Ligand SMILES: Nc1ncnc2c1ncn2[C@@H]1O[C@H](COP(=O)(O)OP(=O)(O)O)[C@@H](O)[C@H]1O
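Given as structure tokens, the chain that follows is alone and in the form solved without the ligand.
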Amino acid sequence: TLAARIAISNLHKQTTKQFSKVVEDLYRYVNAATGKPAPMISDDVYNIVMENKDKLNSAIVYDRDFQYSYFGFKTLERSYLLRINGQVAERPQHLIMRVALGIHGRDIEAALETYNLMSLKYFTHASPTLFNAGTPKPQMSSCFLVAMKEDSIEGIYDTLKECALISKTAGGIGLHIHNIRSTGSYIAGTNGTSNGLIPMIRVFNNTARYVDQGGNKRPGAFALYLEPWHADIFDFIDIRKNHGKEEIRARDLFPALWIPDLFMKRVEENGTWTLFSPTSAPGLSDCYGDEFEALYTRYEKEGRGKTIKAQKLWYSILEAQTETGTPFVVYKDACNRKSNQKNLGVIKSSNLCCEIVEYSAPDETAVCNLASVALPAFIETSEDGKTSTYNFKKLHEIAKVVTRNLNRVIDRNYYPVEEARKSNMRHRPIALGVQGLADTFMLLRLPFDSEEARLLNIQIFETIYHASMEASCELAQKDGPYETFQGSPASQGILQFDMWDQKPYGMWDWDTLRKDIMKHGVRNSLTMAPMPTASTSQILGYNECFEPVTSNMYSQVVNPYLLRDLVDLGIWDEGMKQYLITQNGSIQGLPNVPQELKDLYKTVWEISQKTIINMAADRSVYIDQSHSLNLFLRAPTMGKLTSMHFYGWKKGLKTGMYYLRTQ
């Protein structure tokens, strides 16, 4: 559409063009209503801009502002570009140059390299980085994984405090609560008993809502992590349920299951399952695999809990998931067996979006900062004819840059709580991701479920994982390995695919890298955790992350690629707009569309979730952490769902399921 250039040109007409001067204004800004001087730029970045303004102003190519779509730019304007008394002060390029400086500080070279690549749409950083980079309290991290400090009012309320402090800034929360005693449990020095997790959850629900103040963008939702042996498990998983008593729900928090392998076996073999209070059965969350199964079975023997039929729980879980899309599913044993952080202790949760897998304890709140590579941007014409090449060398090198960025962020970040700073300065985890897999397959003319798409997926993630580990090893040569590197799998030369007992695909030289790593270490304990990318991909104009498209339409967002093809066949007309709306966005079962187009523009409800699960399994061997595997069910059935779960579970997935999106 042409409405983009209209809006963009009109932003230009309402904004100063000299970057140094917009920085000046932003930095000099004063709250007229209050007389308070209210700077939107840090001292150190303001200075840097001033000490370099010529060099900075002239690197900006303001043309690049047009490389956004209408929906894209409006996303930028509505939430991203810094505002002055109600209206937009920053141009897109300003936002970008500002983010670039906030990341690189005095390294003007890097800053310019980041500006360039970002402005050309090669990658982007997560929302909190776009919001806060270069601003006075630069809270750039997206993820915090919080341990419930202790089963006491002090611990509970200390945790709640911490979560409010985190939520207030950017940053979602994954909070694990396995150590909280269940309903009916004994409390010393009183004859009343505990009312369990649900009342305590309602406290967190309430604080989640409170921390959301005005001009909306101080969000940071909560996901809560519970192992399914917890005695309060049946109420826990119903949190988002649409009905029942409004004093037992909690509609702003998300349930996530931290599932041991044992649970799944019990279900499969149609056996028993036992609920415990953490009090009556301590340590369950502080071991995994064999250790846990021994420990668990003993508590079972000792009569410490209440036994039910495993498939009772299972059935309930499926019903919650069907009706609400939750609880999420993440496999505790896959996460622990296959984590480079296993020298730290047992990992007890993932994050808000089920992609982060990092160690947390009461004094250590795991943090991650995220960025995503724009996959379609590495598509190239050959010595033409083809236009059917992916440039894996360019992708390798951008990943290298993004890795160096995410490292800078660790150091230039303002941490909302001391636990987060202690954690991140110690292990320095990082999280690279992607958007536009769907676009990329399409541009290369690959059906999502083809053997070419399957191969390209593998190669892509091999080069990102390789690139990041390489960039990271380089940093460890410059600055030393991260503090806890000694004793990790990676110190032993065990990398992620090794942990899946797989040879890597071999498009890159892993032995040399592995040699270098054992020699020099890595700067980062973890590097890859493909994430939802909701609004960042929207700004870039690409499909969410690594999923197929959900539609070829939307409101009247018509697939650029579909559309191109329809036209190249003339068959696209006016009674053509008519079909893709009347059917929710599918092209299958249309009378006059070439089979090849049908196969290429399969909608995610038309793709086999088995296919989906295989591809996630394929890429997972190169994924350090995990990834946000949404699952989509056509006409959901309890059996379809059970099969889908055990399939990913048996595939060794860490995150078996994020949202269940349905019908």
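Take the two forms, find the largest set of C-alpha atoms that superpose within 1.5 Å, and that set is the rigid core. In case it trips you up, residue 1 is the first one in the sequence shown, and so on. Shifts are known only where both forms have a C-alpha.
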Test item: residue 214 lacks coordinates in at least a third of other entries: yes
Other entries lacking residue 369, at least a third: no
Deposited but uncoordinated residues in the residue 555/residue 556 interval: 4 to 9
3-11 versus 654-662 - which carries the larger mean C-alpha B factor in the record: 3-11
320-328 versus 256-264 - which carries the larger mean C-alpha B factor in the record: 320-328
Top Cα B factor in the deposited entry, candidates 41, 60, 616, 597: 597
Largest Cα B-factor, entry values, listed residues 380, 439, 302, 150: 380
Position of residue 363 among the chain's modelled residues by C-alpha B-factor, lowest, middle or highest third: lowest
Chain thirds of CA B-factor: placement of residue 587: highest
Where the record places residue 561 (Cα B-factor, split into thirds across the chain): highest
CA B-factor placement of residue 519, once the chain's modelled residues are sorted into thirds: middle
Cα B factor band for residue 340 (lowest, middle or highest third within the chain): lowest
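Same protein, other form: the form solved in complex with the ligand, not shown, and the subject of what follows.
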Residue stretch of 101-109, 211-219, 262-270, 462-470 approaching the ligand in the bound PDB entry, non-hydrogen atom distance within 4.5 Å: 211-219
Full three-residue contact with the ligand in the bound PDB entry, heavy atom 4.5 Å, for 373, 376 and 439: no
Contact flag, residue 535 vs the ligand in the bound PDB entry, heavy atom cut 4.5 Å: yes
Any non-hydrogen atom of residue 96 within 4.5 angstroms of the ligand in the bound PDB entry: no
Residue 521, heavy atom within 4.5 angstroms of the ligand in the bound PDB entry: no
Any non-hydrogen atom of residue 353 within 4.5 angstroms of the ligand in the bound PDB entry: yes
The unique member of 481, 172, 416, 92 whose heavy atoms fall within 4.5 Å of the ligand in the bound PDB entry: 172
Sole residue of 126, 430, 256, 409 within 4.5 Å of the ligand in the bound PDB entry, by heavy atom: 126
C-alpha displacement of 2 Å or more between the shown form and the other one on the rigid core, among 138, 220, 447, 92: 220
Core-aligned CA displacement of residue 270 at least 2 Å between the shown form and the other one: no
C-alpha of residue 205 moved at least 2 Å between the shown form and the other one on rigid core: no
Rigid core superposed: residue 385 CA moves 2 Å or more between the shown form and the other one: yes
Sense of the change in Cα distance from residue 213 to residue 355 in the bound PDB entry - at least 3 Å versus the shown form: closer
Residue pair residue 136, residue 214 - Cα distance in the bound PDB entry, closer or farther (3 Å or more): closer
Once both forms are overlaid on the core, stretches between the shown form and the other one of 3 or more residues with C-alpha shifts of 2 Å or more: 189-192, 213-220, 384-388
